[PDB]
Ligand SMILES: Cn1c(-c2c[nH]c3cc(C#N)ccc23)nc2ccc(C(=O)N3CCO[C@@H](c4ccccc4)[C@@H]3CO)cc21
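Just the one chain here, the form deposited without this ligand, laid out as structure tokens.
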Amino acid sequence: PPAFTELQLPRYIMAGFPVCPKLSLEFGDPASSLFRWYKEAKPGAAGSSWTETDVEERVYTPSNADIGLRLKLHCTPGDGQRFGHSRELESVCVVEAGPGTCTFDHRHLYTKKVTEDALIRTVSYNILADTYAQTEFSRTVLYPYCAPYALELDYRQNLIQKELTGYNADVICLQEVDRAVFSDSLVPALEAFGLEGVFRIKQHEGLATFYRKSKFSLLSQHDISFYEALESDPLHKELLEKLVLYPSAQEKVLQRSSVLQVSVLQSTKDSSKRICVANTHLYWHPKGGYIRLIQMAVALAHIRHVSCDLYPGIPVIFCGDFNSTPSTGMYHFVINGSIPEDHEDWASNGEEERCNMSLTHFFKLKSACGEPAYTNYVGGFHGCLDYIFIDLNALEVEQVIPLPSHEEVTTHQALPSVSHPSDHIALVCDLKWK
């Protein structure tokens, strides 16, 4: 019979922030299920009396009038033929006041609705993993300017849920996703808004890609670890051969845990349209320029194999936190299709790990959101590290959702803040099929 295997509410509920219940449904569908939201009839009624709201949807966004009230969700699982046993769940917390403003509030004016069939609204966002943000070092050395409550996972997830669902996007590529964030925050929020997701963890965090089901279906997945592909896959034998005279650089590349997530999607709107969506988080060290070049060379060879060998020539979207600014060898290589043997990034970490080589690729990739002043803004550092790279053979930029202003970014010195849930800024752009 239709039954909710998991039924959970968030612990932190804020006025103006969507309440996205976790509902794992067996033998049924949410479109076939019944939802009704209630609010406490009066503050402090200890849940003795409940007032029906007019909200019959899975998601409820409390108003300022609900501050001080608990909420209750009634849900009846259904499969389109019959209902299962009804369930009810009350919030343990009362609705609280949320932040006055968020950096994404103005950005949401550019993403008012789900886009037409000819477009692909694409997001790339490093959402700052709680595995790193939870530490004393993050709170006192990295982000001392941030209100400690605003670093806490439950607070940041509320903002990230509002931010991402507010973009009404089609393809969402995320980095620094914790295992529990994927299953308890992103999957319930994004599935309520019509997106399905896949997760590729490294150790305690990793990559996620979400896609809008009304526009896409997932065909296949081709995720890799760069070290595994480079050392063991004969596809990368020529690059491994270039690294034979540089054993110190080769050992440092092969130590890295960096992964590449690859998902091939099929348009539910045009039968002839498939797209290869790649997502990554490259090695982070400031002196790791040569490592990022080699990781990018593996990534592009892997994506070429998936998109042109496994599939008979499909276009590509490559999102990620590339930990590379536009002045680097890695960025030049992506945009120009080659990098010379004498590039200074081949000795980015000194002579011992020097690995001068010539690399070439035949993709025609454009940074969809261009080269912002920065996509990462913290105390002591800022830089453009994130990109949405698009295949110019098949895609064009319809619009770029502007990044928050510098005044918005610096209201609480830097990021994250009470108004911005990550140390990175989400990239959002509308792409058009050519």
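The first residue of the sequence shown is number 1, and the count goes up from there.
Although it is not shown, the form solved in complex with this ligand is what the next lines describe.
- Heavy atoms within 4.5 Å of this ligand in the entry with it bound are found in one stretch of 220-228, 177-185, 97-105, 133-141, which is 133-141.
- Using a 4.5 Å cutoff between non-hydrogen atoms, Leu403 does not count as a contact of this ligand in the entry with it bound.
- In the entry with it bound, no heavy atom of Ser91 sits within 4.5 Å of this ligand.
- At the 4.5 Å threshold, heavy atoms of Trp284 reach this ligand in the entry with it bound.
- Although the partner is absent here, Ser267 is not a contact residue: none of its heavy atoms lies within 4.5 angstroms of this ligand in the entry with it bound.
- This chain appears without its partner; in the entry with it bound, the one residue of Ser348, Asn158, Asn323, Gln261 with a heavy atom within 4.5 Å of this ligand is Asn323.
- For the residues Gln250, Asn356, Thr328, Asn168, the 4.5 Å heavy atom test against this ligand in the entry with it bound is passed only by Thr328.
- For a residue to qualify, one of its non-hydrogen atoms must sit within 4.5 Å of this ligand in the entry with it bound; none of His236, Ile303 and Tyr311 qualifies.
- Of all the residues from 390-404, none has a non-hydrogen atom no more than 4.5 Å from this ligand in the entry with it bound.
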